[PDB]
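Following: one structure in structure tokens, then a few remarks.
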Amino acid sequence: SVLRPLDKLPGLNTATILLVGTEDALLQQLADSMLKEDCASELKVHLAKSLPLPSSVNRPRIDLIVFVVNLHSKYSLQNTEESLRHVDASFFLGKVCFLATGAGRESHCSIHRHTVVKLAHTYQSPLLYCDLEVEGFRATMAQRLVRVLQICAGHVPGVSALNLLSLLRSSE
Amino acid sequence: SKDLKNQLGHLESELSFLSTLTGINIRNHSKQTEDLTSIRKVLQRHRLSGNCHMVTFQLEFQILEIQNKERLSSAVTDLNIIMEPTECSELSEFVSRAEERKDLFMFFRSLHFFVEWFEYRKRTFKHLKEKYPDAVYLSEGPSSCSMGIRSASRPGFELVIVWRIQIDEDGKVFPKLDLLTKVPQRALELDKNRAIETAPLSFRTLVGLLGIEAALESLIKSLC
Amino acid sequence: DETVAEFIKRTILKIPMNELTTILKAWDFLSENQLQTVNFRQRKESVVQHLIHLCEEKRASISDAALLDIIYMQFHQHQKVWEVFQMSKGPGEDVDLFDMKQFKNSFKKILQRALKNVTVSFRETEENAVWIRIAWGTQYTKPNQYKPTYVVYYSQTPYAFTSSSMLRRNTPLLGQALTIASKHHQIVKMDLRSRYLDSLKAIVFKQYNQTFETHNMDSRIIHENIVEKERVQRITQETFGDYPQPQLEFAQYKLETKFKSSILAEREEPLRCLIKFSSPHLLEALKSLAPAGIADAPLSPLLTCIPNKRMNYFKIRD
Amino acid sequence: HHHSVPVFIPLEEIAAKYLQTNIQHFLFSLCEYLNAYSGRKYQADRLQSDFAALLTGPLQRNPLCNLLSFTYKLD
Amino acid sequence: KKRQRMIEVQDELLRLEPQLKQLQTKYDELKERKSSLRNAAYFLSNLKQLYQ
């Protein structure tokens, strides 16, 4: 199955985000950090190891997808390259984001970050950096990601995902 | 409540399987306790009944559980088992000895082995009787002690074979096979070789040679 | 003699300060009334200096020094890596009536006749074990007290645990002594080595599993892949059991299998490899791999069959 | 699968000889073997615990408890 | 060099002993089996002749 951006009608004051990665503990911590605060909207977080998802009918529509990659592991990079082939091209227009973990400790790194830079540039999407094991750093990334989610869902007038594409575009 | 019925069925099945596995079918059980404390001393009085294949039993005992800070010692102070009045006097005297010794496990083990050998003796007698109706006179019965082998045409010559089950003082069970010869003198003065006076030892060697039923079959074929 | 004095001083110097009194009490060679004369508040060096003088004033042989060594050894018993032996007997042989004195005499005589100079000690341990310390020598050399051999023999059983220090030279001789003294025909060495003698004991006697069945949150987060997680948890629980795992620290595998993956298809010879696993608590790190996502739900049987097979070193062929 | 009978009792011989056929006789044989051992050990331990006065030295004994030797002096 | 010879001859004797132990036993019941069999045959023949 191929995931589609506008398959279902939106809910009332609701935003949904999907996190795809191999490390489950990091995903759980990130979801908790996102949900701890209070906001005007209603938030829902879905956790998955890879795509395609198991089939279900009650799934609400997905507004934003974040691919988190561990720089200390080749397995995570291979998993994300495999997952990237099951989402339709229409869904990359301002609704996909890449998150890279572990650049703080360079000695542990198995992946040269030229690789993730080139991957993000190839798929026309932003690339973010955060060390998710540190709670203080994770807290601010959760809020930035919540704001991006609110923009994508249509909860800020005058700004849409396609507009967000030009704001976050890199010069080279 | 259907699930509760499911647990009832499961427990009944488990009880039946265990009872047929061990061979002891246990009936109702009653426990009455009295606390006699000075280090705590507690006494219990038990009562249970049951049966094992043919044999049936009901027994009553009591144990004194001398609880303390570092050991939980329980001794069967008083035992009492009562038997249905059969003619098996040896089982009764074993009952008396076990009652004096006040041991419960040994009683059950010996009862199992005894009834087990009894079942072998009865089934062997029944099978060999139904095999040869014409050369076996079961005078007292298949569930009894001895056997009679004789010819229908002439009752003068007959040998009797005795099968007995004995319970030793220590508790273990072991059988024994002997025979006696009801022979008229005329046969004695008839033949000169006269090896029938050695019949006990030779018969025991024969039965130990190749089995019990084989020796009896050979003897009954030879007599015929 | 100065040699026995040096031996005792070295053995005492090995002992930690806080537990020196318990060792001295168990050894009880020195009289009790002599002990309170010495003060243990002062420096370790002063205490050992005084203890040497007290044990020298009384007559001290080499046998009591060896006994002190055995007593010190059975307290630590993780300073050496142990190995296991197994003895077998004939089918018609009857059960023997073990006698300690006869065992001591036979194990004495075999060594005494094969070599010439050799010191062997005994310390009859509680819970049905025997500790033996052997100092090796030959016709033309005196025994070497620096490199002894310890063996723990459990009477009435086919198993004996030995320490691998210098036994390589005289392995068949000790095998013969053990198999003769205990009335066994054959002996073989189990390929299972460890530094935890108690874990080895629990595995060898297979008594590490002692459980017998008798009758006498933030709902906003949605976890997909939940069925896979529950399935891997169930498989891990089934495969690794629910008992506390015995503590090992090492495992070795030798591989002689063919490469099967375009790449080396024409090659007909095996690919030669040797791999080792090391951990402070092995079999506990392995249990946690699959839930963490580093391994598949069922691990290969080579990893989950250590205690059941009583095996530590493996060899695999195609 | 697993058990708690001690090692020096011969379970392997009984298991090999009676396990595949007539399972209940196997169980009863194991019961006999265990009861005898427990009784012998109890006798030895109770003698040691109670009558330390008469015995001169500790008695000699082995794990399976089938060979006892002691020297006793009565007053 | 001589020590190794001692060890290996000891292994030889230790391995040889069980075989003799088993063989002697086997002969022991074999002979008694033959004798008892002959005795039983004689006794059965005599008793059958007497009854006939």
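Labels used: A, B, ... for chains in the order of the structure tokens, numbers from 1 for residues in each chain, and numbers from 1 for ligands as shown.
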
Proximity check chain E to chain C, 12 Å, nearest pairs one decimal Å, only C-alpha atoms, as JSON lines:
```
{"residue": "E:2", "atom": "CA", "partner": "C:114", "partner_atom": "CA", "distance": 10.2}
{"residue": "E:3", "atom": "CA", "partner": "C:114", "partner_atom": "CA", "distance": 7.0}
{"residue": "E:4", "atom": "CA", "partner": "C:114", "partner_atom": "CA", "distance": 9.5}
{"residue": "E:5", "atom": "CA", "partner": "C:114", "partner_atom": "CA", "distance": 10.7}
{"residue": "E:6", "atom": "CA", "partner": "C:114", "partner_atom": "CA", "distance": 7.7}
{"residue": "E:7", "atom": "CA", "partner": "C:173", "partner_atom": "CA", "distance": 7.0}
{"residue": "E:8", "atom": "CA", "partner": "C:172", "partner_atom": "CA", "distance": 9.3}
{"residue": "E:9", "atom": "CA", "partner": "C:176", "partner_atom": "CA", "distance": 11.5}
{"residue": "E:10", "atom": "CA", "partner": "C:176", "partner_atom": "CA", "distance": 8.3}
{"residue": "E:11", "atom": "CA", "partner": "C:176", "partner_atom": "CA", "distance": 7.8}
{"residue": "E:12", "atom": "CA", "partner": "C:185", "partner_atom": "CA", "distance": 11.2}
{"residue": "E:13", "atom": "CA", "partner": "C:185", "partner_atom": "CA", "distance": 10.5}
{"residue": "E:14", "atom": "CA", "partner": "C:185", "partner_atom": "CA", "distance": 6.7}
{"residue": "E:15", "atom": "CA", "partner": "C:185", "partner_atom": "CA", "distance": 7.0}
{"residue": "E:16", "atom": "CA", "partner": "C:185", "partner_atom": "CA", "distance": 9.9}
{"residue": "E:17", "atom": "CA", "partner": "C:185", "partner_atom": "CA", "distance": 9.0}
{"residue": "E:18", "atom": "CA", "partner": "C:90", "partner_atom": "CA", "distance": 7.2}
{"residue": "E:19", "atom": "CA", "partner": "C:90", "partner_atom": "CA", "distance": 9.6}
{"residue": "E:21", "atom": "CA", "partner": "C:92", "partner_atom": "CA", "distance": 9.1}
{"residue": "E:22", "atom": "CA", "partner": "C:92", "partner_atom": "CA", "distance": 7.6}
{"residue": "E:23", "atom": "CA", "partner": "C:92", "partner_atom": "CA", "distance": 11.2}
{"residue": "E:25", "atom": "CA", "partner": "C:92", "partner_atom": "CA", "distance": 9.6}
{"residue": "E:26", "atom": "CA", "partner": "C:92", "partner_atom": "CA", "distance": 10.9}
```

Give me, as CSV, the closest atom pair and its distance (Å, one decimal) for every residue of chain B within a cut-off of 12 Å of chain E, counting only C-alpha atoms, rows sorted by chain and rising number.
```
residue,atom,partner,partner_atom,distance
B:150,CA,E:51,CA,11.5
B:151,CA,E:51,CA,10.8
B:154,CA,E:51,CA,11.4
B:156,CA,E:51,CA,10.9
B:157,CA,E:51,CA,8.2
B:158,CA,E:51,CA,10.3
B:159,CA,E:51,CA,11.6
B:181,CA,E:47,CA,11.8
B:183,CA,E:51,CA,10.4
B:184,CA,E:51,CA,11.7
B:186,CA,E:50,CA,11.3
B:187,CA,E:50,CA,7.6
B:188,CA,E:50,CA,9.2
B:189,CA,E:50,CA,10.9
B:190,CA,E:50,CA,8.2
B:191,CA,E:50,CA,6.5
B:192,CA,E:50,CA,9.5
B:193,CA,E:46,CA,7.8
B:194,CA,E:46,CA,8.2
B:195,CA,E:43,CA,7.0
B:196,CA,E:47,CA,7.1
B:197,CA,E:47,CA,10.9
B:198,CA,E:43,CA,8.9
B:199,CA,E:43,CA,8.1
B:200,CA,E:43,CA,11.1
B:201,CA,E:40,CA,10.1
B:202,CA,E:40,CA,6.5
B:203,CA,E:40,CA,7.8
B:204,CA,E:40,CA,9.7
B:205,CA,E:36,CA,6.7
B:206,CA,E:40,CA,5.7
B:207,CA,E:40,CA,9.5
B:208,CA,E:36,CA,9.6
B:209,CA,E:37,CA,7.4
B:210,CA,E:37,CA,9.6
B:215,CA,E:40,CA,10.0
B:216,CA,E:44,CA,11.6
B:217,CA,E:44,CA,11.9
B:218,CA,E:44,CA,8.4
B:219,CA,E:44,CA,7.5
B:220,CA,E:48,CA,10.1
B:221,CA,E:48,CA,9.2
B:222,CA,E:48,CA,5.4
B:223,CA,E:48,CA,6.2
B:224,CA,E:48,CA,8.7
```

inquiry  = Please list as a PyMOL selection string every residue within 12 Å of region 20-24 of chain D, counting only C-alpha atoms and excluding residues in the same chain fewer than 6 positions away.
reply    = (chain B and resi 18-24+109+112-113+116) or (chain D and resi 14+30-31)

inquiry  = What are the residues of chain D lining chain C at 7 Å or less? Count only C-alpha atoms, and put the answer as a VMD selection string.
reply    = chain D and resid 7 to 8 62 to 63 66 to 67

message = Distance cut-off 9 Å, counting only C-alpha atoms - which residues of chain C neighbour chain A? Return them as a ChimeraX atom specification.
response = /C:218,220-225,292-293

Print the selection's residues with N, CA and C atoms to a file, as a compact mmCIF listing (two decimals), in the first residue's frame.
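Printed below is selection-v2.txt as written:
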```
# COMPACT_ATOMS: atom_id res chain seq x y z
N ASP C 218 -1.30 7.85 28.66
CA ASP C 218 -1.14 8.85 27.61
C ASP C 218 -1.71 8.34 26.29
N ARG C 220 -3.05 9.46 23.91
CA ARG C 220 -2.87 10.19 22.66
C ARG C 220 -1.86 9.50 21.75
N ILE C 221 -0.82 8.90 22.33
CA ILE C 221 0.16 8.18 21.53
C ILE C 221 -0.44 6.86 21.06
N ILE C 222 -0.28 6.57 19.77
CA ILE C 222 -0.74 5.32 19.18
C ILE C 222 0.48 4.51 18.77
N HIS C 223 0.59 3.30 19.30
CA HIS C 223 1.70 2.41 19.00
C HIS C 223 1.28 1.46 17.90
N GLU C 224 1.76 1.71 16.69
CA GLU C 224 1.66 0.72 15.64
C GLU C 224 2.81 -0.27 15.79
N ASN C 225 2.74 -1.37 15.04
CA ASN C 225 3.66 -2.49 15.19
C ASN C 225 3.57 -3.10 16.58
N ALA C 292 15.42 -5.24 21.99
CA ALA C 292 16.05 -3.96 21.64
C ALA C 292 16.10 -3.73 20.14
N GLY C 293 15.87 -4.76 19.33
CA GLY C 293 15.84 -4.62 17.89
C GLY C 293 17.13 -4.92 17.17
```

query = If you run DSSP on the backbone, which residues of region 37-215 of chain C are strand (DSSP E or B), as a PyMOL selection string?
reply = chain C and resi 82-88+119-125+129-135+138+141+149-153+159-163+186-194

Resulting file, chosen residues, N, CA and C atoms, as a compact mmCIF listing (two decimals), in the first residue's frame:
```
# COMPACT_ATOMS: atom_id res chain seq x y z
N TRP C 82 38.37 -22.65 35.69
CA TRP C 82 38.19 -24.06 35.99
C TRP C 82 37.74 -24.84 34.76
N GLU C 83 37.97 -26.15 34.81
CA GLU C 83 37.62 -27.08 33.74
C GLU C 83 36.95 -28.28 34.37
N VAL C 84 36.20 -29.04 33.57
CA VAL C 84 35.42 -30.14 34.12
C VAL C 84 35.88 -31.47 33.53
N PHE C 85 35.85 -32.51 34.36
CA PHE C 85 36.11 -33.88 33.95
C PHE C 85 34.86 -34.71 34.14
N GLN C 86 34.74 -35.78 33.36
CA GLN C 86 33.65 -36.73 33.52
C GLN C 86 34.20 -38.15 33.46
N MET C 87 33.79 -38.98 34.42
CA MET C 87 34.24 -40.36 34.51
C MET C 87 33.08 -41.29 34.19
N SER C 88 33.40 -42.41 33.54
CA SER C 88 32.39 -43.39 33.16
C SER C 88 32.77 -44.76 33.69
N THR C 119 53.86 -33.34 46.75
CA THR C 119 53.10 -33.00 47.95
C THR C 119 51.64 -32.85 47.58
N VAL C 120 50.77 -33.60 48.26
CA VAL C 120 49.34 -33.53 48.05
C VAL C 120 48.65 -33.35 49.39
N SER C 121 47.66 -32.47 49.44
CA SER C 121 46.93 -32.14 50.65
C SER C 121 45.45 -32.40 50.46
N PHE C 122 44.74 -32.57 51.57
CA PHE C 122 43.30 -32.80 51.55
C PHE C 122 42.63 -31.90 52.57
N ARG C 123 41.43 -31.43 52.24
CA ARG C 123 40.61 -30.65 53.17
C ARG C 123 39.16 -31.07 52.94
N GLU C 124 38.69 -32.01 53.76
CA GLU C 124 37.35 -32.54 53.61
C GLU C 124 36.32 -31.44 53.84
N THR C 125 35.66 -31.03 52.77
CA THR C 125 34.71 -29.92 52.81
C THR C 125 33.31 -30.44 53.14
N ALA C 129 32.07 -32.67 49.40
CA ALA C 129 33.11 -32.35 48.44
C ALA C 129 34.47 -32.56 49.09
N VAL C 130 35.50 -32.58 48.25
CA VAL C 130 36.88 -32.75 48.69
C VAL C 130 37.75 -31.76 47.94
N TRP C 131 38.61 -31.06 48.66
CA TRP C 131 39.56 -30.14 48.05
C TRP C 131 40.95 -30.76 48.12
N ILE C 132 41.67 -30.73 47.00
CA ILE C 132 43.00 -31.31 46.91
C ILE C 132 43.95 -30.27 46.33
N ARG C 133 45.13 -30.15 46.92
CA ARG C 133 46.19 -29.28 46.42
C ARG C 133 47.42 -30.12 46.16
N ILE C 134 47.98 -30.00 44.96
CA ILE C 134 49.08 -30.84 44.51
C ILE C 134 50.23 -29.95 44.07
N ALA C 135 51.42 -30.23 44.59
CA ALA C 135 52.64 -29.55 44.16
C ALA C 135 53.48 -30.54 43.37
N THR C 138 59.48 -34.19 40.36
CA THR C 138 59.94 -35.43 39.74
C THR C 138 61.07 -36.02 40.56
N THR C 141 63.94 -33.23 40.82
CA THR C 141 63.62 -31.87 41.24
C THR C 141 62.72 -31.89 42.46
N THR C 149 48.20 -27.20 41.85
CA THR C 149 46.99 -27.57 41.15
C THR C 149 45.90 -27.90 42.16
N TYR C 150 44.71 -27.36 41.95
CA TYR C 150 43.57 -27.61 42.82
C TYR C 150 42.53 -28.41 42.06
N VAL C 151 41.95 -29.41 42.71
CA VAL C 151 40.87 -30.19 42.14
C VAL C 151 39.80 -30.37 43.20
N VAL C 152 38.54 -30.21 42.81
CA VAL C 152 37.39 -30.41 43.68
C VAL C 152 36.67 -31.65 43.20
N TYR C 153 36.62 -32.68 44.04
CA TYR C 153 36.00 -33.95 43.68
C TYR C 153 34.75 -34.15 44.53
N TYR C 159 31.78 -36.42 38.48
CA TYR C 159 32.32 -35.13 38.07
C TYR C 159 33.42 -34.65 39.02
N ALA C 160 34.43 -34.00 38.44
CA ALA C 160 35.51 -33.38 39.19
C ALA C 160 35.95 -32.13 38.46
N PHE C 161 36.15 -31.04 39.21
CA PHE C 161 36.53 -29.75 38.66
C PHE C 161 37.98 -29.49 38.99
N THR C 162 38.76 -29.05 38.00
CA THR C 162 40.19 -28.86 38.16
C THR C 162 40.60 -27.48 37.65
N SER C 163 41.66 -26.94 38.23
CA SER C 163 42.17 -25.65 37.80
C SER C 163 43.31 -25.83 36.80
N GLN C 186 36.99 -45.20 32.67
CA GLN C 186 37.39 -44.22 31.67
C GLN C 186 37.16 -42.81 32.20
N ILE C 187 37.78 -41.84 31.53
CA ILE C 187 37.62 -40.43 31.86
C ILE C 187 37.78 -39.60 30.60
N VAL C 188 37.00 -38.52 30.50
CA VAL C 188 37.05 -37.60 29.37
C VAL C 188 36.92 -36.19 29.92
N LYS C 189 37.38 -35.22 29.15
CA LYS C 189 37.34 -33.81 29.54
C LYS C 189 36.19 -33.12 28.83
N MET C 190 35.26 -32.56 29.60
CA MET C 190 34.17 -31.78 29.04
C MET C 190 34.69 -30.43 28.56
N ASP C 191 34.26 -30.04 27.36
CA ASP C 191 34.69 -28.77 26.77
C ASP C 191 33.80 -27.62 27.23
N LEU C 192 33.99 -27.26 28.50
CA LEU C 192 33.23 -26.22 29.17
C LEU C 192 34.13 -25.61 30.24
N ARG C 193 34.53 -24.36 30.04
CA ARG C 193 35.46 -23.69 30.93
C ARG C 193 34.85 -22.37 31.39
N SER C 194 35.11 -22.01 32.65
CA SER C 194 34.56 -20.78 33.20
C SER C 194 35.38 -20.38 34.42
```

request  = Find the spatial neighbours of region 258-270 of chain C, counting only C-alpha atoms, within a cut-off of 12 Å - ignore same-chain residues fewer than 4 positions away - and output them as a PyMOL selection string.
outcome  = chain C and resi 316-318

key: Which of A:8, A:59, A:155, A:121 sits closest to residue 41 (chain A) [using only C-alpha atoms]   = A:155

message = Would you pick out the contacts of residue 85 (chain B) at 12 Å or less, using only C-alpha atoms, so that residues sharing its chain but fewer than 3 positions from it are not included, and give the list as a PyMOL selection string?
response = chain B and resi 55-57+82+88-89+91-92

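Picture a line from CA of residue 37 (chain C) to CA of residue 20 (chain C); it runs 15.3 Å.
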
task = Might you pull out every residue within 9 Å of residue 102 (chain A), with only C-alpha atoms counted and same-chain residues fewer than 6 positions away left off, and present them as a count of residues only?
result = 11

inquiry  = What's around residue 66 (chain A) at 12 Å? Count only C-alpha atoms, leave out sequence neighbours fewer than 3 positions away in its own chain, and write the answer as a ChimeraX atom specification.
reply    = /A:16-21,27,30-31,45-50,62-63,69,80,83-84,92,94-100,120,125-128,142,145-146,148-149

ask   = Could you pull out the helix (DSSP H, G or I) residues of region 123-206 of chain B from DSSP and send them as a ChimeraX atom specification?
value = /B:123-131,185-190,196-206

Mind dumping the selected residues with N, CA, C and O atoms as a JSON list (two decimals), in the first residue's frame?
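Written out: part.json:
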```json
[["chain", "number", "residue", "atom", "x", "y", "z"],
["B", 123, "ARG", "N", -5.38, -63.05, 36.94],
["B", 123, "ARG", "CA", -5.50, -63.05, 35.49],
["B", 123, "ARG", "C", -4.80, -64.26, 34.88],
["B", 123, "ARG", "O", -5.30, -64.84, 33.91],
["B", 124, "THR", "N", -3.66, -64.66, 35.44],
["B", 124, "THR", "CA", -2.97, -65.84, 34.94],
["B", 124, "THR", "C", -3.81, -67.09, 35.13],
["B", 124, "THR", "O", -3.95, -67.90, 34.20],
["B", 125, "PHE", "N", -4.41, -67.25, 36.31],
["B", 125, "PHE", "CA", -5.27, -68.40, 36.54],
["B", 125, "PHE", "C", -6.45, -68.40, 35.59],
["B", 125, "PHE", "O", -6.78, -69.44, 35.00],
["B", 126, "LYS", "N", -7.10, -67.25, 35.40],
["B", 126, "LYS", "CA", -8.25, -67.18, 34.51],
["B", 126, "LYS", "C", -7.87, -67.52, 33.07],
["B", 126, "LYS", "O", -8.57, -68.28, 32.40],
["B", 127, "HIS", "N", -6.75, -66.96, 32.59],
["B", 127, "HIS", "CA", -6.33, -67.20, 31.22],
["B", 127, "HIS", "C", -5.98, -68.66, 30.99],
["B", 127, "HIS", "O", -6.38, -69.25, 29.98],
["B", 128, "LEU", "N", -5.25, -69.27, 31.93],
["B", 128, "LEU", "CA", -4.83, -70.65, 31.70],
["B", 128, "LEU", "C", -6.02, -71.59, 31.88],
["B", 128, "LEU", "O", -6.07, -72.66, 31.27],
["B", 129, "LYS", "N", -6.99, -71.20, 32.71],
["B", 129, "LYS", "CA", -8.23, -71.97, 32.81],
["B", 129, "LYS", "C", -9.01, -71.94, 31.50],
["B", 129, "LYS", "O", -9.44, -72.98, 31.00],
["B", 130, "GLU", "N", -9.21, -70.74, 30.94],
["B", 130, "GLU", "CA", -9.99, -70.65, 29.71],
["B", 130, "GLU", "C", -9.24, -71.28, 28.54],
["B", 130, "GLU", "O", -9.86, -71.68, 27.54],
["B", 131, "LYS", "N", -7.91, -71.37, 28.64],
["B", 131, "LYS", "CA", -7.14, -72.04, 27.60],
["B", 131, "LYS", "C", -7.41, -73.55, 27.58],
["B", 131, "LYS", "O", -7.67, -74.12, 26.52],
["B", 185, "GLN", "N", 0.00, -94.91, 45.84],
["B", 185, "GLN", "CA", 1.22, -95.70, 45.98],
["B", 185, "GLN", "C", 1.46, -96.57, 44.75],
["B", 185, "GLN", "O", 2.61, -96.77, 44.34],
["B", 186, "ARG", "N", 0.38, -97.05, 44.13],
["B", 186, "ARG", "CA", 0.51, -97.98, 43.01],
["B", 186, "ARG", "C", 1.43, -97.42, 41.93],
["B", 186, "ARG", "O", 2.23, -98.15, 41.34],
["B", 187, "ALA", "N", 1.34, -96.11, 41.67],
["B", 187, "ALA", "CA", 2.29, -95.47, 40.77],
["B", 187, "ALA", "C", 3.71, -95.51, 41.33],
["B", 187, "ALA", "O", 4.67, -95.62, 40.57],
["B", 188, "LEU", "N", 3.86, -95.39, 42.66],
["B", 188, "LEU", "CA", 5.19, -95.40, 43.25],
["B", 188, "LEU", "C", 5.87, -96.76, 43.08],
["B", 188, "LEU", "O", 7.03, -96.83, 42.68],
["B", 189, "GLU", "N", 5.16, -97.85, 43.39],
["B", 189, "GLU", "CA", 5.73, -99.17, 43.17],
["B", 189, "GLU", "C", 5.78, -99.51, 41.68],
["B", 189, "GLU", "O", 6.49, -100.44, 41.27],
["B", 190, "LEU", "N", 5.03, -98.77, 40.86],
["B", 190, "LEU", "CA", 5.01, -99.01, 39.43],
["B", 190, "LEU", "C", 6.36, -98.72, 38.79],
["B", 190, "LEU", "O", 6.97, -99.61, 38.18],
["B", 196, "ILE", "N", 9.97, -88.35, 41.17],
["B", 196, "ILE", "CA", 8.91, -87.44, 41.61],
["B", 196, "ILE", "C", 9.16, -86.95, 43.03],
["B", 196, "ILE", "O", 8.55, -85.97, 43.47],
["B", 197, "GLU", "N", 10.04, -87.61, 43.77],
["B", 197, "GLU", "CA", 10.38, -87.12, 45.11],
["B", 197, "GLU", "C", 11.27, -85.88, 45.02],
["B", 197, "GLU", "O", 11.39, -85.12, 45.99],
["B", 198, "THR", "N", 11.90, -85.66, 43.87],
["B", 198, "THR", "CA", 12.70, -84.48, 43.61],
["B", 198, "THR", "C", 11.88, -83.38, 42.94],
["B", 198, "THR", "O", 12.42, -82.35, 42.54],
["B", 199, "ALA", "N", 10.56, -83.58, 42.83],
["B", 199, "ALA", "CA", 9.72, -82.65, 42.09],
["B", 199, "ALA", "C", 9.82, -81.19, 42.53],
["B", 199, "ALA", "O", 9.83, -80.32, 41.65],
["B", 200, "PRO", "N", 9.87, -80.85, 43.83],
["B", 200, "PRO", "CA", 9.98, -79.43, 44.20],
["B", 200, "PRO", "C", 11.15, -78.71, 43.56],
["B", 200, "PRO", "O", 10.97, -77.69, 42.88],
["B", 201, "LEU", "N", 12.37, -79.22, 43.78],
["B", 201, "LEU", "CA", 13.56, -78.54, 43.29],
["B", 201, "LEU", "C", 13.59, -78.49, 41.77],
["B", 201, "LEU", "O", 13.90, -77.44, 41.19],
["B", 202, "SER", "N", 13.27, -79.60, 41.12],
["B", 202, "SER", "CA", 13.27, -79.63, 39.66],
["B", 202, "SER", "C", 12.23, -78.68, 39.08],
["B", 202, "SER", "O", 12.49, -77.99, 38.10],
["B", 203, "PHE", "N", 11.04, -78.64, 39.68],
["B", 203, "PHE", "CA", 10.00, -77.73, 39.23],
["B", 203, "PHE", "C", 10.43, -76.28, 39.39],
["B", 203, "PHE", "O", 10.16, -75.44, 38.52],
["B", 204, "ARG", "N", 11.07, -75.95, 40.52],
["B", 204, "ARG", "CA", 11.52, -74.58, 40.72],
["B", 204, "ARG", "C", 12.60, -74.21, 39.71],
["B", 204, "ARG", "O", 12.60, -73.09, 39.17],
["B", 205, "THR", "N", 13.52, -75.13, 39.43],
["B", 205, "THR", "CA", 14.51, -74.88, 38.39],
["B", 205, "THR", "C", 13.84, -74.66, 37.04],
["B", 205, "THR", "O", 14.21, -73.75, 36.30],
["B", 206, "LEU", "N", 12.84, -75.48, 36.72],
["B", 206, "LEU", "CA", 12.15, -75.34, 35.44],
["B", 206, "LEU", "C", 11.44, -74.00, 35.33],
["B", 206, "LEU", "O", 11.52, -73.33, 34.29]]
```

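Between CA of residue 22 (chain C) and CA of residue 36 (chain C) the separation is 13.6 Å.
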